[PDB]
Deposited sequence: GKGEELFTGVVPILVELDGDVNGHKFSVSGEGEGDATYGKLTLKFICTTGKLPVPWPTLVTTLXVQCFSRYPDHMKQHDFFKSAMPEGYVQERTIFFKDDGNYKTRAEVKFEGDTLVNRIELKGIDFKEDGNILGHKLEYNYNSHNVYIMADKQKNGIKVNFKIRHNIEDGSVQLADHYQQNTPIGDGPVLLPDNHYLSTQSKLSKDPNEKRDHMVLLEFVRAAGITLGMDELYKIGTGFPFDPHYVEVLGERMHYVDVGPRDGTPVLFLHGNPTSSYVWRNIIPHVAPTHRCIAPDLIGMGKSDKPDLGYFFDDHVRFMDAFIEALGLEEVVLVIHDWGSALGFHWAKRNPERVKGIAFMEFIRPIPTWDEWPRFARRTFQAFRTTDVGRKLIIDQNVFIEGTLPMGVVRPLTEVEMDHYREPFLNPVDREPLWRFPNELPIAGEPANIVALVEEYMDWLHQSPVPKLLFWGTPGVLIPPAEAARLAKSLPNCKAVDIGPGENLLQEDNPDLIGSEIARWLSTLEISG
């Protein structure tokens, strides 16, 4: 079942349709990778020009390539129906226009997952958005709702597609879907969940025939978060550069310093700060060359971030601090704490920088990618030229699907590809397999200092994690002095995006037990 989807699967799509007496056929082929929920396909019209706009056919033209996270892999009906496959039937109601009626078989034929469909459209106005071709060549992001249909041993699916019309209006296409398996072998009948979808339509500049190129990403969710950033912007001059930081909470007492990593900013602390501000001052700077801080032309090694954070702390006159750190902000926090141990009253850390002795400790699905990130040729193309760390690695570091509002918040500091230099130097500084030896030695030193320190420690971890596997999170919580471990449930690297209420509330509760 799910075993046939561990790699890249070739896809073939063939449709035969009839809309208002207009007959047409479409062929398509490509490849799917359920690990990312990814689809790459090109569809051509084999009978001439399409009598309907291409966006109307997207949903008809293989939801088995959706990415089901591990904690809801028992709700993936589509994969458990393979290789025999399932029958998919739909009735799509275009608002104030016609309707499509489709019937398809999604099955394995040889080594290819093929999707053969019949389509039939009726009652379409000749001057409507569909037959008049008033649809814009784009596509929106939708929520596809799934529930079990134990009578037919299948599922019932409902959602509403929003098609952009060229006059600025929206055409609604109400979807009513039904999937039942082809083979009698038992399948998975899921609880109520949904799929978060996103699609990008484009053209091949060398294709002469009427065609459509499609890139799609789908992620299941809804079986177990504010997007705003209401903080007033603050700036301080640090080594001739301006650095942006959030400053809230009472002015007295021990401040709490929040340190982000790659490729985020203080935006990753937007849902944690409100739990801490009512009792403690919250300081959350944007790293140099990141966020809203100035982006000078540096090599942006870890040492460069050490210089600017040291001068940021002194610029704000901070005496004693509590640290809430994540990813490379944790290496900055532990290193500074090792060098200023009399000024740290507590450390709350999550998915933090540690010496990774072998690549087999790295997430196997992300090993090929991060080894390609750590090259001066392919690595710069991926991160600098193509912005893969923002568009791909970042949404793969969150179990739940990041919305477009949240992605645009992370996209803003790196709209210009020349400013993406810290996005590429950071993964090359990761101490993996003994390289680079200077970071390995530095990280080994603050890990050693941490093991001999009585400072309060609070470790957040998730499953399966990335930097900190669950077994490693359990080992360190036992041997580190005065450590309290918290399991936040499922998680990859940005644990603040999967369970921000548990992180912030436990920190607010843990902060009261310290002497500050």
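Student: Just jot down which stretches of the deposited chain sequence have no CA coordinates, in the order they come.
Tutor: Residues lacking C-alpha coordinates: 1-2, 64, 228-235, 528-529.
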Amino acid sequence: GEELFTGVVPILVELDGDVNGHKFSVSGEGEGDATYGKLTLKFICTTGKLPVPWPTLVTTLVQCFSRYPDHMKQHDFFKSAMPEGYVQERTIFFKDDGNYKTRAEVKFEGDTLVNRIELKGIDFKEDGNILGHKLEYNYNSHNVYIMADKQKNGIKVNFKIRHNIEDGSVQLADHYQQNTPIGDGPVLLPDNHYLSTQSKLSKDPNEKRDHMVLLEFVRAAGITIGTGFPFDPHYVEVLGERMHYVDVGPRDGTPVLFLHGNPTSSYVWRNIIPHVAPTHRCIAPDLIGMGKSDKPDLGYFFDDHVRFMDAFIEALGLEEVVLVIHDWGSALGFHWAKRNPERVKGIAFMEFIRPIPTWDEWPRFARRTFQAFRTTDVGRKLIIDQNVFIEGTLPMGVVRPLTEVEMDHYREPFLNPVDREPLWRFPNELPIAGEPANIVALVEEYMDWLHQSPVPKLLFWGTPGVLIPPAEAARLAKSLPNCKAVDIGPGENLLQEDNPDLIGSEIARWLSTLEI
From here on, numbers count along this sequence of modelled residues.
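Student: Output the stretch having the higher mean C-alpha B factor in the entry; the candidates are 243-251 and 77-85.
Tutor: Result: 243-251.
Student: Using only the Cα atoms and their B-factors as the entry lists them, report which of 444-452 and 52-60 averages higher.
Tutor: Of 52-60 and 444-452, the stretch with the higher C-alpha B-factor average is 444-452.
Student: Please pick out which of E421, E126, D97, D210 has the largest Cα B-factor as recorded in the entry.
Tutor: Out of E421, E126, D97, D210, the record gives the largest C-alpha B-factor to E126.
Student: Select one of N158, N428, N138, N438: the residue whose C-alpha shows the highest B-factor in the crystal structure entry.
Tutor: Answer for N158, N428, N138, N438: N138, with the highest C-alpha B-factor.
Student: Place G465 in the lowest, middle or highest third of its chain's C-alpha B-factors, as listed in the PDB entry.
Tutor: It belongs to the lowest third of the chain when residues are ordered by C-alpha B-factor.
Student: Mind checking which third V9 falls in for C-alpha B-factor across the chain?
Tutor: CA B-factor rank for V9: middle third.
Student: According to the PDB entry, is the CA B factor of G489 in the bottom, middle or top third of its chain, that is, lowest, middle or highest?
Tutor: Bottom third by C-alpha B-factor.
Student: Using the B-factors in the PDB entry, rank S479's C-alpha atom against the chain and give the third, lowest, middle or highest.
Tutor: For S479, the deposited C-alpha B-factor lands in the highest third.
Student: If you rank the chain by CA B-factor, which third does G317 end up in: lowest, middle or highest?
Tutor: Highest third, going by the recorded CA B-factors of the chain.
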